[PDB]
Amino acid sequence: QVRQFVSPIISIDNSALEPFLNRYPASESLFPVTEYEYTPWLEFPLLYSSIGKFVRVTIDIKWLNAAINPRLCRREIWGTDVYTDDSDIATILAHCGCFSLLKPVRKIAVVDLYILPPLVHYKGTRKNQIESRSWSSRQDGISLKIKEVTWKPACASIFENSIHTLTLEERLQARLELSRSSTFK
Amino acid sequence: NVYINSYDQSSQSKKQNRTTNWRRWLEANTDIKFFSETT
Amino acid sequence: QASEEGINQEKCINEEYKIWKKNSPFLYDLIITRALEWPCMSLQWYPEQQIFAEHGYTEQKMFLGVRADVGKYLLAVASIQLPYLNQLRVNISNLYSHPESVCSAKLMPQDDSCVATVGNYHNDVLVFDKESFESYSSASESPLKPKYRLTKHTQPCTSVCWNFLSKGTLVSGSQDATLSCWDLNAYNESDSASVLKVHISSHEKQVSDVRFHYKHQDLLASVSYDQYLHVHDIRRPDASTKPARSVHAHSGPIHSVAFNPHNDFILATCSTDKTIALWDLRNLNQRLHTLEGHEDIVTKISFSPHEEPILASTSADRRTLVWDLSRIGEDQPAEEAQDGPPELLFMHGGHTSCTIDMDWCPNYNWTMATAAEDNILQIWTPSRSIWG
């Protein structure tokens, strides 16, 4: 009998950017210009000369943790579905809905982002419990939009798995040896 | 090493709710044998 | 350079250790940790029980097969103290040296004295009886000799299973991808092969598990590394080459299958695909459900002989997970989704390496015993509060 309210829908019209997203054809936009390794101290250069191409960022597993990453709490993201190039790429992933902040991730991310001219207005909307802020003045960088996200099938090799490749009894015999000398109690 | 702490229809009804919800979710001589064994 | 990784890994193993040790008094109602001499390849609970009410406990029995070393392969019997409700040590004894390796040692359900033993080192099944244990004398220089030697296979056998109703009926699946159903009351001194009831070639890769129905003589399941489940009925004539059914159950090598003891319709199947599959025999076109939560190879699984909705699973990430399947489709709060799907019930990680195996104590509820690769035994039952 409780009243049930419904939070609204959110519609996104990236129709004016169409001449830029399709500037270069397919089959000739395969290689990103440059590639960066994400860290909370990464700063893109100014990329005016390469509008309409894409870049490749690589995020490690620790960075997607709301407890290790310090930048994740300051909420440094401006825009919705097209962001200023000051925005923290981790927050872009977590706001564009590619992982969840509450559950911890277990793979390396490879993100490919578009390069887009500045916009007249950057609208801030709340999604996935991430409230991106808005910028009404004139931006001075460029804008980025997610082209595609790819997770790494293998991120790291836990040694109990590399030894899990060995047979039970065989690896168990080396177990007994270590138990012998041990040089201490 | 030993640790000790000194301190039913519910279990059966939970079992039954399992059976019920899961069956509601659900819907060659092998089938012959099985259907001989079914009730 | 590899040292660094190995030492870090060992250290967080230790870490998981006392972080389980530290909060134990808020998790369990019983914990008995035993540092046995040797690695225990297997365990099986004994259905006979002593009740010392005036003294105030019960003792159960355990059968272990351990290795002292390479080639030193032995068996032992343990007595286990459980506390009493209605009004404290683990004792090793009965140690007899085995002729060769034990990978699986199964005792006949209606007669404890017999044990069919096989190991990863021989293709012969050795079945021991009363006299073989009791004619052995620890002062003697020789090991035991079993009641019978059963040999049809050409590769070592992976596991065996008695018939819970058919008196003296056994099965043996092996590494050469073949099956054999055996009948001891059909011996002949001239015909050691008259024990051979059936031999089957339905599988295509090395078999990991073959095991009978809990309530039925003529129904068994086999699971093999080719990602396939096969259903066998022995009284089929074509069963020597044609299985009763064949289903693509998983995408990785299957390790084990467990039969629901109470309900004759549910089986569970584990694979290296870190996913646990359920199966119902009237709808075999469809995986019944899939339980997630282990993030590397799961090895072995087992039902609860007291309540069917409780399933236990052990894996290589040093955890054993207990699932209450009465929580399909339920709701869970946002923070409740962290630990996993709501049908996950409990998670135990007191070990420090790959848990070898488990077994439920059938005389006490919610209790389980686990033997691990680091020479450790664990007797544990969670608190009432999680399930009471």
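Here the protein sequences come in this chain order: A, B and C.
Residue numbers for the first sequence follow our numbering, beginning at 462 and rising by one.
Residue numbers for the second sequence follow our numbering, beginning at 8 and rising by one.
Residue numbers for the third sequence follow our numbering, beginning at 2 and rising by one.
No residue lacks a Cβ here, since even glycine has one placed at the ideal position from N, Cα and C.
Residues of the segment 289–307 of chain C with a C-beta less than 9 Å from any C-beta of chain A: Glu-296, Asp-297, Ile-298, listed in chain order. For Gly-7(C), the nearest beta carbon of chain A is closer than 8 Å to its own beta carbon. Interface with chain C (8 Å Cβ-Cβ cutoff): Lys-588(A) is excluded. Only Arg-68, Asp-70, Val-71 from the segment 56–83 of chain C bring a Cβ to less than 9 Å from some Cβ of chain A. Residue pairing for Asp-358(C): DSSP places it in a beta bridge opposite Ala-372(C). Using a C-beta cut-off of 8 Å, the segment 619–634 of chain A makes no contact with the segment 581–599 of chain A, since fewer than three inter-stretch Cβ pairs fall below that distance. Within the segment 509–532 of chain A, no residue places its CB atom closer than 8 Å to a CB of chain C. Contact annotation for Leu-507(A) against chain C: no contact, minimum CB-CB distance about 39 Å [criterion: below 9 Å].
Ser-80(C) carries a strand assignment under DSSP once its states are collapsed to helix, strand and coil. Counting along the chain, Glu-60(C) sits inside the beta strand (DSSP E) bounded by residues 58–68. When 8 Å is used as the limit between beta carbons, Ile-619(A) is near these residues of chain C: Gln-10, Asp-297, in chain order. Relative to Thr-541(A), the option among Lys-584(A), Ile-569(A), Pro-501(A) whose CA is nearest is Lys-584(A).
Of the other Cβ atoms in all chains shown, 16 or more fall within 10 Å of the Cβ of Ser-257(C); this residue is therefore buried. For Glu-17(C), the three-state secondary structure derived from DSSP is helix. Taking CB atoms only, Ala-335(C) has a neighbour in chain A less than 8 Å away. At a C-beta separation below 8 Å, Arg-385(C) has these neighbours in chain B: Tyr-14.
Counting the other CB atoms within 10 Å of its CB gives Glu-132(C) a total below 16, which places it among the exposed residues. Per the coordinates, the alpha-carbon of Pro-469(A) lies some 15 Å from the alpha-carbon of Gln-590(A). Near chain C, meaning a CB-to-CB distance below 7 Å, no residue of the segment 467–486 of chain A qualifies. With contacts defined as CB atoms closer than 8 Å, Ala-570(A) and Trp-612(A) qualify as a contacting pair. The closest CA to that of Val-128(C), considering only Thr-155(C), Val-196(C), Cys-41(C), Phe-213(C), is found on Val-196(C).
In terms of beta-carbon proximity, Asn-15(C) stays away from the interface with chain A, with every pair separated by 8 Å or more.
Within the segment 629–646 of chain A, the residues whose Cβ lies closer than 9 Å to any Cβ of chain C are, in chain order, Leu-629, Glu-630, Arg-632, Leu-633, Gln-634, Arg-636, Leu-637, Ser-640.
Between the segment 23–32 of chain C and the segment 43–62 of chain C there are fewer than three inter-stretch CB-CB distances shorter than 8 Å, so the stretches are not counted as touching. What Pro-40(C) touches in chain A, judged by beta-carbon distance under 7 Å, is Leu-633, going in chain order. A Cβ-Cβ separation of about 5 Å places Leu-108(C) in contact with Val-116(C) under the 8 Å criterion.
When secondary structure is reduced to three states using DSSP, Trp-612(A) falls in the strand class. Taking the CA atoms as reference points, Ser-80(C) sits about 44 Å from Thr-242(C). Bounds of the beta strand (DSSP E) holding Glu-498(A) are 496–498. Close CB contacts of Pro-147(C) within its chain, under the 6 Å cut and outside five residues either way in sequence, are with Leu-127, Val-128, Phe-129, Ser-133 (chain order). Per DSSP, reduced to three states, the secondary structure at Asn-92(C) is strand. In this structure, the CA atom of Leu-37(C) is about 11 Å from the CA atom of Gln-379(C). When DSSP reads this structure, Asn-284(C) sits in a beta bridge with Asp-281(C).
A Cβ-Cβ separation of about 45 Å leaves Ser-98(C) out of contact with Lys-22(B) under the 8 Å criterion. In chain order, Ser-181, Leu-197, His-200 place their CB closer than 7 Å to the CB of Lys-153(C), counting only its own chain and leaving out the 5 sequence neighbours on each side.
What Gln-339(C) touches in chain A, judged by beta-carbon distance under 8 Å, is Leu-563, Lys-564, going in chain order.
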